[PDB]
>>> print(open('start.txt').read())   # compact mmCIF, N, CA, C and O atoms
# COMPACT_ATOMS: atom_id res chain seq x y z
N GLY A 1 69.98 139.00 93.48
CA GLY A 1 70.73 138.35 92.42
C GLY A 1 70.76 136.84 92.58
O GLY A 1 70.40 136.31 93.63
N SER A 2 71.19 136.15 91.53
CA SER A 2 71.26 134.69 91.56
C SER A 2 72.51 134.19 90.84
O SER A 2 72.65 134.37 89.63
N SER A 3 73.41 133.57 91.59
CA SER A 3 74.65 133.05 91.03
C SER A 3 74.36 132.02 89.94
O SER A 3 74.95 132.05 88.87
N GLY A 4 73.45 131.10 90.24
CA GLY A 4 73.10 130.07 89.28
C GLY A 4 74.22 129.08 89.05
O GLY A 4 74.65 128.86 87.92
N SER A 5 74.71 128.48 90.14
CA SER A 5 75.80 127.52 90.05
C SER A 5 75.26 126.09 90.08
O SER A 5 74.08 125.87 90.31
N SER A 6 76.15 125.13 89.86
CA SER A 6 75.77 123.72 89.85
C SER A 6 76.80 122.87 90.59
O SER A 6 77.92 123.31 90.83
N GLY A 7 76.41 121.65 90.95
CA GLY A 7 77.31 120.76 91.66
C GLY A 7 77.48 119.43 90.96
O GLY A 7 77.25 118.38 91.55
N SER A 8 77.89 119.48 89.69
CA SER A 8 78.09 118.27 88.91
C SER A 8 79.51 118.20 88.37
O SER A 8 80.17 119.22 88.19
N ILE A 9 79.98 116.98 88.11
CA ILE A 9 81.33 116.77 87.60
C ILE A 9 81.29 116.19 86.19
O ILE A 9 80.25 115.72 85.73
N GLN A 10 82.44 116.22 85.51
CA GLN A 10 82.54 115.69 84.16
C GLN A 10 83.53 114.53 84.10
O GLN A 10 84.43 114.43 84.92
N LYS A 11 83.35 113.66 83.11
CA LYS A 11 84.23 112.51 82.94
C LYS A 11 85.47 112.89 82.12
O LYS A 11 85.80 112.23 81.14
N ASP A 12 86.14 113.95 82.54
CA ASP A 12 87.34 114.42 81.85
C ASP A 12 88.52 113.48 82.11
O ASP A 12 89.12 113.52 83.19
N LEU A 13 88.83 112.64 81.13
CA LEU A 13 89.94 111.70 81.26
C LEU A 13 90.67 111.54 79.93
O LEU A 13 90.08 111.66 78.86
N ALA A 14 91.97 111.27 80.01
CA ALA A 14 92.79 111.08 78.82
C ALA A 14 93.42 109.70 78.79
O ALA A 14 93.95 109.23 79.80
N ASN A 15 93.37 109.05 77.63
CA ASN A 15 93.94 107.72 77.47
C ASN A 15 95.46 107.75 77.65
O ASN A 15 96.02 106.96 78.40
N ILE A 16 96.11 108.67 76.94
CA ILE A 16 97.55 108.80 77.01
C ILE A 16 97.96 109.78 78.11
O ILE A 16 97.35 110.84 78.27
N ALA A 17 98.99 109.42 78.87
CA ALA A 17 99.48 110.27 79.95
C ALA A 17 100.95 110.61 79.75
O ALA A 17 101.82 109.74 79.85
N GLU A 18 101.23 111.88 79.48
CA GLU A 18 102.60 112.33 79.27
C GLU A 18 103.25 112.74 80.59
O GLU A 18 102.84 113.71 81.23
N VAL A 19 104.26 111.98 81.00
CA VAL A 19 104.97 112.26 82.25
C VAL A 19 106.45 112.53 81.99
O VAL A 19 107.10 111.83 81.22
N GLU A 20 106.97 113.57 82.65
CA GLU A 20 108.37 113.93 82.49
C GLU A 20 109.15 113.66 83.78
O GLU A 20 108.57 113.53 84.85
N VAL A 21 110.48 113.58 83.65
CA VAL A 21 111.34 113.33 84.80
C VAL A 21 112.61 114.16 84.72
O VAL A 21 112.97 114.67 83.66
N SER A 22 113.30 114.28 85.86
CA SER A 22 114.54 115.05 85.92
C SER A 22 115.75 114.13 85.89
O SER A 22 116.06 113.46 86.87
N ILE A 23 116.44 114.10 84.75
CA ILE A 23 117.62 113.27 84.59
C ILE A 23 118.68 113.97 83.75
O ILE A 23 118.39 114.61 82.75
N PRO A 24 119.95 113.84 84.17
CA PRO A 24 121.08 114.45 83.47
C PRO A 24 121.36 113.79 82.13
O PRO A 24 121.11 112.60 81.95
N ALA A 25 121.88 114.57 81.19
CA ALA A 25 122.20 114.05 79.86
C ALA A 25 123.32 113.03 79.92
O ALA A 25 123.37 112.10 79.12
N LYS A 26 124.23 113.21 80.88
CA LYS A 26 125.36 112.30 81.04
C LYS A 26 124.87 110.87 81.28
O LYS A 26 125.58 109.90 80.99
N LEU A 27 123.66 110.74 81.81
CA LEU A 27 123.08 109.43 82.09
C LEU A 27 122.24 108.95 80.91
O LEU A 27 122.23 107.76 80.60
N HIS A 28 121.55 109.87 80.26
CA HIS A 28 120.71 109.54 79.12
C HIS A 28 121.44 108.59 78.17
O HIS A 28 121.06 107.42 78.04
N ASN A 29 122.48 109.09 77.52
CA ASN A 29 123.25 108.28 76.58
C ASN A 29 123.43 106.86 77.11
O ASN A 29 123.25 105.89 76.38
N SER A 30 123.79 106.75 78.39
CA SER A 30 123.99 105.45 79.01
C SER A 30 122.70 104.63 79.01
O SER A 30 122.68 103.49 78.55
N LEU A 31 121.63 105.23 79.52
CA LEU A 31 120.34 104.56 79.57
C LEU A 31 119.91 104.09 78.18
O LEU A 31 119.52 102.94 78.00
N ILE A 32 119.99 104.99 77.21
CA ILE A 32 119.61 104.66 75.84
C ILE A 32 120.41 103.47 75.32
O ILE A 32 119.85 102.54 74.74
N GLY A 33 121.72 103.51 75.52
CA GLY A 33 122.58 102.43 75.07
C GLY A 33 123.23 102.73 73.74
O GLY A 33 123.06 103.81 73.18
N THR A 34 124.00 101.77 73.23
CA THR A 34 124.69 101.94 71.95
C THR A 34 123.73 101.75 70.78
O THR A 34 123.82 102.46 69.78
N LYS A 35 122.82 100.80 70.91
CA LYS A 35 121.84 100.53 69.87
C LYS A 35 120.42 100.68 70.40
O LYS A 35 119.51 99.95 69.99
N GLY A 36 120.23 101.63 71.30
CA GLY A 36 118.91 101.86 71.87
C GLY A 36 118.25 100.58 72.33
O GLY A 36 117.08 100.34 72.04
N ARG A 37 119.00 99.76 73.06
CA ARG A 37 118.48 98.49 73.56
C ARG A 37 118.01 98.63 75.01
O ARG A 37 116.88 98.26 75.35
N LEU A 38 118.87 99.18 75.85
CA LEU A 38 118.55 99.37 77.26
C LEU A 38 117.22 100.09 77.42
O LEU A 38 116.54 99.94 78.44
N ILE A 39 116.85 100.87 76.41
CA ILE A 39 115.59 101.61 76.44
C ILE A 39 114.50 100.87 75.67
O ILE A 39 113.35 100.80 76.11
N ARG A 40 114.87 100.32 74.52
CA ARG A 40 113.92 99.59 73.69
C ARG A 40 113.27 98.45 74.48
O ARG A 40 112.05 98.29 74.45
N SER A 41 114.09 97.68 75.17
CA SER A 41 113.59 96.55 75.96
C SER A 41 112.56 97.03 76.98
O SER A 41 111.48 96.45 77.10
N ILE A 42 112.91 98.07 77.72
CA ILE A 42 112.02 98.62 78.74
C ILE A 42 110.69 99.05 78.12
O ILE A 42 109.62 98.77 78.66
N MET A 43 110.76 99.73 76.98
CA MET A 43 109.57 100.20 76.29
C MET A 43 108.62 99.04 76.00
O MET A 43 107.40 99.19 76.07
N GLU A 44 109.19 97.89 75.66
CA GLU A 44 108.40 96.70 75.35
C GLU A 44 107.95 96.00 76.63
O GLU A 44 106.75 95.88 76.89
N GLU A 45 108.91 95.55 77.42
CA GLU A 45 108.61 94.87 78.68
C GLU A 45 107.45 95.53 79.40
O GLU A 45 106.51 94.87 79.84
N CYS A 46 107.51 96.86 79.52
CA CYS A 46 106.46 97.62 80.19
C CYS A 46 105.15 97.54 79.41
O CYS A 46 104.07 97.49 79.99
N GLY A 47 105.26 97.54 78.08
CA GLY A 47 104.08 97.47 77.24
C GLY A 47 104.33 97.99 75.84
O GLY A 47 103.98 97.35 74.86
N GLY A 48 104.94 99.17 75.75
CA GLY A 48 105.23 99.77 74.46
C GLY A 48 105.11 101.28 74.47
O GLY A 48 104.52 101.87 73.56
N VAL A 49 105.66 101.90 75.51
CA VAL A 49 105.62 103.35 75.64
C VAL A 49 106.74 104.01 74.84
O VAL A 49 107.67 103.34 74.39
N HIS A 50 106.64 105.33 74.67
CA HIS A 50 107.65 106.08 73.93
C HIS A 50 108.40 107.03 74.85
O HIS A 50 107.80 107.72 75.67
N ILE A 51 109.72 107.06 74.71
CA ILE A 51 110.56 107.93 75.53
C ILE A 51 111.35 108.91 74.67
O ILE A 51 112.01 108.50 73.71
N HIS A 52 111.29 110.19 75.02
CA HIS A 52 112.00 111.22 74.27
C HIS A 52 113.16 111.77 75.09
O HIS A 52 112.99 112.18 76.24
N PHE A 53 114.35 111.78 74.50
CA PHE A 53 115.54 112.28 75.18
C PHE A 53 116.09 113.52 74.47
O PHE A 53 116.22 113.56 73.25
N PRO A 54 116.41 114.56 75.26
CA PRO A 54 116.95 115.81 74.73
C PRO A 54 118.37 115.65 74.18
O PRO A 54 119.08 114.71 74.53
N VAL A 55 118.77 116.59 73.33
CA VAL A 55 120.11 116.55 72.74
C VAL A 55 121.11 117.30 73.60
O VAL A 55 120.85 118.42 74.04
N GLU A 56 122.26 116.69 73.83
CA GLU A 56 123.31 117.30 74.64
C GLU A 56 123.55 118.74 74.21
O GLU A 56 123.72 119.63 75.04
N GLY A 57 123.58 118.97 72.90
CA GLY A 57 123.80 120.30 72.38
C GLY A 57 122.87 121.33 72.99
O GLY A 57 123.32 122.30 73.59
N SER A 58 121.57 121.11 72.83
CA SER A 58 120.57 122.03 73.36
C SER A 58 120.85 122.34 74.83
O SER A 58 120.90 123.51 75.23
N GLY A 59 121.03 121.30 75.63
CA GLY A 59 121.30 121.48 77.04
C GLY A 59 120.06 121.33 77.90
O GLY A 59 119.82 122.12 78.81
N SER A 60 119.26 120.30 77.60
CA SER A 60 118.03 120.05 78.35
C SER A 60 118.12 118.73 79.10
O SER A 60 118.27 117.66 78.50
N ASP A 61 118.03 118.80 80.42
CA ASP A 61 118.09 117.61 81.26
C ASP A 61 116.69 117.11 81.61
O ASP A 61 116.45 116.63 82.72
N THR A 62 115.77 117.24 80.66
CA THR A 62 114.40 116.80 80.87
C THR A 62 114.00 115.72 79.87
O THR A 62 114.40 115.77 78.71
N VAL A 63 113.22 114.75 80.33
CA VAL A 63 112.77 113.66 79.48
C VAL A 63 111.25 113.58 79.45
O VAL A 63 110.58 113.74 80.47
N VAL A 64 110.70 113.34 78.26
CA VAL A 64 109.25 113.23 78.09
C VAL A 64 108.85 111.84 77.64
O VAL A 64 109.36 111.32 76.64
N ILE A 65 107.94 111.22 78.39
CA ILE A 65 107.46 109.88 78.06
C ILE A 65 105.98 109.89 77.70
O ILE A 65 105.21 110.68 78.25
N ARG A 66 105.60 109.01 76.78
CA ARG A 66 104.21 108.92 76.35
C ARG A 66 103.69 107.50 76.49
O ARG A 66 104.45 106.53 76.37
N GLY A 67 102.39 107.37 76.74
CA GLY A 67 101.79 106.05 76.89
C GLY A 67 100.83 105.98 78.06
O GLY A 67 100.56 106.98 78.73
N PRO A 68 100.29 104.78 78.32
CA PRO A 68 99.34 104.56 79.42
C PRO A 68 100.00 104.67 80.79
O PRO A 68 101.00 104.00 81.06
N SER A 69 99.44 105.52 81.64
CA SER A 69 99.98 105.72 82.98
C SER A 69 100.44 104.40 83.58
O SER A 69 101.61 104.24 83.95
N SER A 70 99.52 103.45 83.69
CA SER A 70 99.84 102.14 84.25
C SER A 70 101.25 101.71 83.87
O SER A 70 101.98 101.16 84.70
N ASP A 71 101.63 101.97 82.63
CA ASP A 71 102.96 101.61 82.14
C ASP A 71 103.96 102.73 82.42
O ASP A 71 105.06 102.48 82.92
N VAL A 72 103.57 103.96 82.10
CA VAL A 72 104.43 105.11 82.31
C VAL A 72 105.04 105.09 83.70
O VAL A 72 106.23 105.37 83.87
N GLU A 73 104.23 104.75 84.70
CA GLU A 73 104.70 104.69 86.08
C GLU A 73 105.78 103.62 86.24
O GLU A 73 106.69 103.75 87.06
N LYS A 74 105.67 102.55 85.46
CA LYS A 74 106.63 101.46 85.51
C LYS A 74 107.91 101.82 84.76
O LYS A 74 109.01 101.54 85.23
N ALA A 75 107.75 102.45 83.60
CA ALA A 75 108.90 102.86 82.80
C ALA A 75 109.71 103.94 83.50
O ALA A 75 110.93 104.02 83.34
N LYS A 76 109.03 104.78 84.28
CA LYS A 76 109.68 105.85 85.01
C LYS A 76 110.49 105.31 86.18
O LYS A 76 111.67 105.62 86.33
N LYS A 77 109.85 104.48 87.00
CA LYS A 77 110.51 103.89 88.16
C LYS A 77 111.72 103.07 87.73
O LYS A 77 112.67 102.91 88.50
N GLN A 78 111.68 102.56 86.51
CA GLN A 78 112.78 101.76 85.98
C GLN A 78 113.94 102.65 85.54
O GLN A 78 115.11 102.34 85.80
N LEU A 79 113.62 103.75 84.88
CA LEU A 79 114.63 104.69 84.40
C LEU A 79 115.38 105.31 85.57
O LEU A 79 116.61 105.45 85.54
N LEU A 80 114.65 105.69 86.61
CA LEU A 80 115.25 106.30 87.80
C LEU A 80 116.28 105.37 88.43
O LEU A 80 117.42 105.76 88.68
N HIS A 81 115.87 104.12 88.67
CA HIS A 81 116.76 103.13 89.27
C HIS A 81 118.05 103.01 88.46
O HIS A 81 119.15 103.10 89.01
N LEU A 82 117.91 102.79 87.16
CA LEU A 82 119.06 102.65 86.27
C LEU A 82 119.90 103.92 86.27
O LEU A 82 121.06 103.91 86.69
N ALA A 83 119.31 105.01 85.79
CA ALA A 83 120.01 106.29 85.73
C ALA A 83 120.95 106.46 86.92
O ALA A 83 122.12 106.79 86.75
N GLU A 84 120.42 106.24 88.12
CA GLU A 84 121.21 106.37 89.34
C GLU A 84 122.30 105.30 89.40
O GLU A 84 123.45 105.59 89.70
N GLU A 85 121.92 104.06 89.11
CA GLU A 85 122.86 102.95 89.13
C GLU A 85 124.07 103.24 88.23
O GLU A 85 125.21 103.22 88.69
N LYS A 86 123.80 103.51 86.96
CA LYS A 86 124.86 103.81 86.00
C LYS A 86 126.00 104.57 86.67
O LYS A 86 127.16 104.20 86.53
N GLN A 87 125.65 105.62 87.40
CA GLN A 87 126.65 106.43 88.09
C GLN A 87 127.58 105.55 88.92
O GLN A 87 127.24 105.14 90.03
N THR A 88 128.76 105.28 88.38
CA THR A 88 129.74 104.45 89.07
C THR A 88 130.58 105.28 90.04
O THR A 88 131.16 106.29 89.66
N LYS A 89 130.64 104.84 91.29
CA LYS A 89 131.41 105.54 92.31
C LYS A 89 131.56 104.68 93.57
O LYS A 89 130.97 103.60 93.67
N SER A 90 132.35 105.16 94.52
CA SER A 90 132.58 104.44 95.76
C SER A 90 131.35 104.49 96.66
O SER A 90 130.76 105.55 96.86
N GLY A 91 130.97 103.34 97.20
CA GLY A 91 129.81 103.28 98.07
C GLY A 91 128.51 103.35 97.30
O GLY A 91 127.89 104.41 97.18
N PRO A 92 128.06 102.20 96.77
CA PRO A 92 126.82 102.11 96.00
C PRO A 92 125.58 102.30 96.88
O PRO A 92 125.67 102.28 98.11
N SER A 93 124.43 102.49 96.24
CA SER A 93 123.18 102.69 96.96
C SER A 93 122.17 101.60 96.59
O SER A 93 121.83 101.42 95.42
N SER A 94 121.68 100.89 97.60
CA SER A 94 120.71 99.82 97.39
C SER A 94 119.30 100.38 97.29
O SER A 94 119.00 101.44 97.84
N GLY A 95 118.43 99.67 96.59
CA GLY A 95 117.06 100.11 96.43
C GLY A 95 116.10 98.96 96.22
O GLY A 95 116.31 97.86 96.75
>>> encode(input="start.txt", output="structure tokens")
Amino acid sequence: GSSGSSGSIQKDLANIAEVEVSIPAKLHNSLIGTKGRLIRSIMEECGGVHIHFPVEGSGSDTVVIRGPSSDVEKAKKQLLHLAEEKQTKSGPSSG
């Protein structure tokens, strides 16, 4: 018999990279802001990515972001820092 296999690769790549993160809804509202500024600014500063936030009603603590990885990675690292910061309590955490 003959398997007939090959050893070649393909240029499988995607322009847009959808990355999700684990964040509570209690923080979302805060991150988003009153007029979607805290988020709007980040979307621009980073480049112009899109961020999707779940509705408290549904009960989903997951966020979906769209855009170029190069930026997505920046928008994510920014959301994490803030999300955590927002949480006001005794003994803050530096980063």
>>> atom_distance(input="start.txt", atom1="atom CA of residue A:25", atom2="atom CA of residue A:80")
13.1 Å
>>> residues_around(input="start.txt", residues="stretch 50-64 of chain A", least_positions_apart="4", cutoff="7 Å", atoms="all atoms listed in the file", output="PyMOL selection string")
chain A and resi 18-25+43
>>> closest_residue(input="start.txt", among="A:73, A:12, A:86, A:66", to="residue A:30", atoms="only N, CA, C and O atoms")
A:86
>>> residues_around(input="start.txt", residues="residue A:48", least_positions_apart="4", cutoff="12 Å", atoms="only C-alpha atoms", output="PyMOL selection string")
chain A and resi 39-44+65-72+74-75
>>> decode(input="start.txt", residues="chain A", atoms="C-alpha atoms", output="compact mmCIF listing (two decimals), in the first residue's frame")
# COMPACT_ATOMS: atom_id res chain seq x y z
CA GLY A 1 0.00 0.00 0.00
CA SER A 2 0.91 3.67 -0.31
CA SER A 3 -0.21 6.40 2.11
CA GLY A 4 0.64 9.14 -0.37
CA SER A 5 1.25 11.94 2.12
CA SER A 6 2.97 15.31 1.70
CA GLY A 7 5.08 17.70 3.76
CA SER A 8 3.89 21.15 2.71
CA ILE A 9 2.19 23.99 4.58
CA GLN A 10 -0.40 26.61 3.62
CA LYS A 11 -0.52 30.37 4.13
CA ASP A 12 -3.66 30.13 6.26
CA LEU A 13 -3.93 33.56 7.89
CA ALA A 14 -6.74 35.93 8.88
CA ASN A 15 -6.62 39.73 8.86
CA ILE A 16 -9.12 40.13 11.70
CA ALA A 17 -8.50 38.38 15.02
CA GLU A 18 -11.42 37.85 17.40
CA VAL A 19 -10.22 37.57 21.00
CA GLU A 20 -12.38 37.12 24.09
CA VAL A 21 -11.69 37.75 27.78
CA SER A 22 -13.13 36.87 31.19
CA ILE A 23 -14.63 39.91 32.90
CA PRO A 24 -17.60 40.42 35.26
CA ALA A 25 -20.61 42.48 34.17
CA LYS A 26 -20.28 44.59 37.32
CA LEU A 27 -17.08 45.95 35.79
CA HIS A 28 -18.29 46.20 32.19
CA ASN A 29 -20.71 49.06 32.83
CA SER A 30 -17.84 50.86 34.56
CA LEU A 31 -15.35 50.24 31.76
CA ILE A 32 -17.87 51.31 29.12
CA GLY A 33 -18.68 54.50 31.00
CA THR A 34 -21.72 56.78 31.01
CA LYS A 35 -21.31 57.86 27.39
CA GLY A 36 -19.15 55.00 26.15
CA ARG A 37 -16.04 57.15 26.46
CA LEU A 38 -13.74 55.04 28.62
CA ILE A 39 -14.12 52.44 25.87
CA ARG A 40 -14.44 54.68 22.82
CA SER A 41 -11.11 56.36 23.57
CA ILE A 42 -9.34 53.02 23.93
CA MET A 43 -10.84 51.77 20.66
CA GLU A 44 -9.30 54.78 18.92
CA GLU A 45 -6.02 55.20 20.78
CA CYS A 46 -5.27 51.55 20.02
CA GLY A 47 -6.33 52.00 16.41
CA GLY A 48 -10.05 51.42 16.01
CA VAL A 49 -11.10 47.99 17.25
CA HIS A 50 -14.62 46.92 18.21
CA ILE A 51 -15.63 45.65 21.65
CA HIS A 52 -18.83 43.73 22.41
CA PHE A 53 -20.26 43.61 25.93
CA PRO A 54 -22.95 41.17 27.12
CA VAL A 55 -26.22 42.30 28.71
CA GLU A 56 -26.60 41.97 32.48
CA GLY A 57 -29.98 40.37 31.87
CA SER A 58 -28.64 37.45 29.85
CA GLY A 59 -25.95 36.79 32.43
CA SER A 60 -22.81 36.49 30.32
CA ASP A 61 -19.46 37.54 31.79
CA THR A 62 -17.70 37.19 28.44
CA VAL A 63 -16.47 39.91 26.08
CA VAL A 64 -15.72 39.66 22.36
CA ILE A 65 -13.30 42.01 20.61
CA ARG A 66 -12.65 42.43 16.88
CA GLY A 67 -9.76 43.94 14.95
CA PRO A 68 -6.04 43.49 14.19
CA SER A 69 -4.23 41.36 16.76
CA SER A 70 -1.46 43.95 17.07
CA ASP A 71 -4.18 46.21 18.47
CA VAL A 72 -6.43 43.58 20.05
CA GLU A 73 -3.53 42.63 22.31
CA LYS A 74 -3.24 46.27 23.37
CA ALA A 75 -6.97 46.80 23.87
CA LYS A 76 -7.13 43.63 25.96
CA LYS A 77 -4.18 44.42 28.23
CA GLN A 78 -5.80 47.83 28.77
CA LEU A 79 -9.23 46.47 29.66
CA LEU A 80 -7.76 44.00 32.16
CA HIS A 81 -5.79 46.69 33.99
CA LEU A 82 -8.83 48.98 34.23
CA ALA A 83 -11.44 46.32 34.99
CA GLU A 84 -9.32 45.30 37.98
CA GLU A 85 -8.55 48.88 38.98
CA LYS A 86 -12.20 49.95 38.99
CA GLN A 87 -12.72 47.47 41.83
CA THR A 88 -12.41 49.83 44.80
CA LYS A 89 -11.26 48.21 48.04
CA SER A 90 -8.68 48.26 50.83
CA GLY A 91 -5.14 47.50 49.70
CA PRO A 92 -4.77 48.32 45.98
CA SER A 93 -2.70 46.28 43.52
CA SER A 94 0.13 47.81 41.49
CA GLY A 95 0.91 46.74 37.94
